[PDB]
Asks: 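This is the structure I have questions about; it appears just below.
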Amino acid sequence: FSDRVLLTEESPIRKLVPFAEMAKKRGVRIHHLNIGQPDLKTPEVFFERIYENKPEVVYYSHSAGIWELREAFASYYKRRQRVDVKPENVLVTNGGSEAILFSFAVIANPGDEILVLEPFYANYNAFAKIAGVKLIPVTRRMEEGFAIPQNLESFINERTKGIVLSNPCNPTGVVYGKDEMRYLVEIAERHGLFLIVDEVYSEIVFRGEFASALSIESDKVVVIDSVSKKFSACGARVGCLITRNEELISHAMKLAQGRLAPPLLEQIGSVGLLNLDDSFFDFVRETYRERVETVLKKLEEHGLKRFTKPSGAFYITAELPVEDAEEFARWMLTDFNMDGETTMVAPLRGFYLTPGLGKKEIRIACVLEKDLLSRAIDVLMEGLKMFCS
Amino acid sequence: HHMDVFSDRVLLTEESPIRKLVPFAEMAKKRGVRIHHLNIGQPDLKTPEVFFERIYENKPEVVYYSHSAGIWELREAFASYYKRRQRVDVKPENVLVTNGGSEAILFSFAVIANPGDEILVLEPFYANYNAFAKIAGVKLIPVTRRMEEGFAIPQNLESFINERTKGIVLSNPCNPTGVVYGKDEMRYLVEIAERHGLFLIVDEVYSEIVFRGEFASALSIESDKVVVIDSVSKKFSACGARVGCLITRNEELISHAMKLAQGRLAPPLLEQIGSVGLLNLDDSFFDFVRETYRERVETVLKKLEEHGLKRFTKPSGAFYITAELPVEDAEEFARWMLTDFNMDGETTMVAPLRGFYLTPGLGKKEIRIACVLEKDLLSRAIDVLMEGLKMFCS
């Protein structure tokens, strides 16, 4: 088999599944705070639009996506992100996942390098490995508030072709403002690199004023978005690649054509999601705000010191007073259960490329109703207390 | 201001000869010309109602990411399909649901080959494989087949194997030749794979659309080096579903493919729910589909013969007809058909075959015809095409 897949060890999160399944067999209710799967009901408009526009033939749509959906994304950015985008700048893909893969393949050759801000959304490494691109980590520290490090330029070389990050960020929850993004765009332009900004969590912003990378008119910016987290439509597999660089889009379109098209029914339903009013986004933003706040308060009241207050998204990264976080996560499932309940968290080690980093850190996904989440944290800290003594 | 340095992968890629005809086609519709599209493999048949019904009946409250390998029931649906219809014993654990056959091919390539490695392909072939090969950084090596030899597997196939060769890929029934390799031919091809430690990737998307001979799935030959790709696209006219699969008995390969499926998270949920219904369709449905395409293919073959065209292939499967025209450049004729020609305000669009070959110069005078219109329209579409071909010589 290929080195690409032989060198890939399985995710620390996935490695806990066997232990979790074994716990359910013993009659234990597990609180899943390890996966970024929203629990919110998918808006009914998604299903209504599909039912009302049932096509007689489920055909391959235009490779770049149904024209109406390209318009729907364009209008969303103007109305919600206050960015002027044309439908021609939008390329509909099979979720953000594919938009990332295309971006990587269009800008870099096999063996080339793409800078990534550590810790980062682990799945980028999967798309990099498929495209044969090397992903180069640029470490950020919790103690610095996971800021963009000053030595960013030093990692650039002849093989460097781009920089990729998420904003709001998964798993740190940091939100880079207009000033920070412009700085990052300026570096991309000075060194002729493309800036891939994954904005899947835009709308889920609590502190500061969020500015899309497209707000900074540059030919090197590529924004990735999706209907997944924003509308709780993860199973739709509908996302997009947005950029003003007509040449890049035209190159990405050859890849979209080999693939033929994104899912038809999901695109039809996505048009309805993107047209949702302001009240919907207020509800989603505030639901996650209250959840994040609830966890933060619970962590603080149980004496946990080193954790980050996110400005966006629904993840909380924290440092535990343990030698190995992954061992503790497994222990929670195997050797622990408060009142027949346990809590499953994601070890953060899988979000770093640099070996040794994130050994005592974990990520908490706020994807449960606030009261259950409060209870899930109580179980987690009671378990943390016994683990030590 | 600095230039955009894009990857060689995408800079070297010229746009498809078929796609290069779209601008000329769009300009023809503006002039008031009804175009008969025989250039794309998009079926025109109604998607069976069961697909929509299953979705409506099992509407989930949350459109969640399913298990990476696909919903368990769909994995069972594919497994049962192969046992009932293909007479092959497959377990759900052997099935990995993907975003259409397209992705199953991409994963196959990434799992067996490193960037820079080689995969043999039987030319002419489904052009899109080259797209997945470029994304994975794999070099696709052509093994030319001739129409005069009935597009058979050439005897010099082993001479193309080297240290960098990691697999062989083809479609059965084949797109665009329409050849259908039987049990004997497949065994031979599997024996070569095993002797040289290569994986055999057989794209069986057109299985069911078989007219001549008895079709045998590559899985019928129990080997640890066979990987079958299938889809709900052409078989059930559900191209927009983007639901396919990778099937193999090699537990290690599927386990490695699973890591790639996990990065991607999952295939489309609603489409998987609807696909379970399509896969459970009775024998009557497949009889109707197979015979609908048989009568269409026959109609075109008769019309081509009646208009004096000599060199064309009679396919054993799929719905494509490959033919050699008496012209210097087929692609020039295809464009001409749209720009400078229209019988009774009608014209026909065909796909130049040049884009289906990697070896430069091959398929310059050849075209592909997709039988994706009702037999009477198809008959008319060929009349328009031959009247245009007759004037073109002048």
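Side-chain atoms are counted along with the backbone in the values below, which use heavy atoms only and exclude waters and symmetry mates. Residue numbering restarts at 1 for every chain, and letters A, B, ... go by the order of the sequence lines.
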Asks: Which residue, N170(A), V116(A), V164(A), forms the side chain to side chain contact (heavy atoms under 4.5 Å, CB included) with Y121(A)?
Replies: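 For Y121(A), the side chain to side chain contact (heavy atoms under 4.5 Å, CB included) check succeeds only for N170(A).
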
Asks: Short question: side chain of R242(B), backbone of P262(A) - any donor-acceptor pair under 3.5 Å?
Replies: no

Asks: Just checking, any donor-acceptor pair under 3.5 angstrom between side chains of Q257(A) and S16(B)?
Replies: no

Asks: Under the 3.5 angstrom rule, does the side chain of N245(A) hit a backbone N or O of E247(A) as a donor-acceptor pair?
Replies: yes

Asks: Are any of the side-chain nitrogens in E98(A) or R264(B) under 4.0 Å away from the carboxylate oxygens of its partner?
Replies: no

Asks: Among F46(A), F280(A), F283(A), which residue satisfies the ring pair (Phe, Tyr, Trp, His ring centres under 6.0 Å) criterion with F231(A)?
Replies: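 The ring pair (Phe, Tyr, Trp, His ring centres under 6.0 Å) with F231(A) is passed solely by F280(A) among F46(A), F280(A), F283(A).
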
Asks: Check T172(A) against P119(A) and note the closest heavy-atom contact, atom names and distance.
Replies: CG2-CG, 3.7 Å

Asks: Checking side chain to side chain contact (heavy atoms under 4.5 Å, CB included) against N34(A), which of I362(A), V367(A), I13(A) comes through?
Replies: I13(A)

Asks: In terms of ring plane angle, is the pair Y201(A) and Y315(A) parallel, tilted or perpendicular, where the classes change at 30° and 60°?
Replies: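 Geometry flag for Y315(A) against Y201(A): perpendicular rings.
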
Asks: Looking at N157(A) and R159(A), would you say the former's side chain and the latter's main chain have a donor-acceptor pair under 3.5 Å?
Replies: yes

Asks: Taking the six-membered ring where the residue is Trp, are the ring centres of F47(A) and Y56(B) under 6.0 Å apart?
Replies: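 When the ring centroids of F47(A) and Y56(B) are compared, they turn out to be at least 6.0 Å apart.
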
Asks: Against the six-membered ring of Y76(A), is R80(A) placed for a cation-pi contact (under 6.0 Å from the centre, within 45° of the normal)?
Replies: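 Judged by the rule, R80(A) and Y76(A) form no cation-pi pair.
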
Asks: Look up atom OG1 in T139(A) and atom CD in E118(A), then write down how far apart they are to the nearest 0.5 Å.
Replies: 4.0 Å

Asks: Does the gap between the ring centers of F104(A) and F127(A) come in under 6.0 Å?
Replies: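 No.
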
Asks: Ignoring hydrogens, what is the shortest heavy-atom contact between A318(A) and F307(A)? Give both atom names and the distance.
Replies: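 Here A318(A) and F307(A) meet closest at CB-CB, 3.6 Å.
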
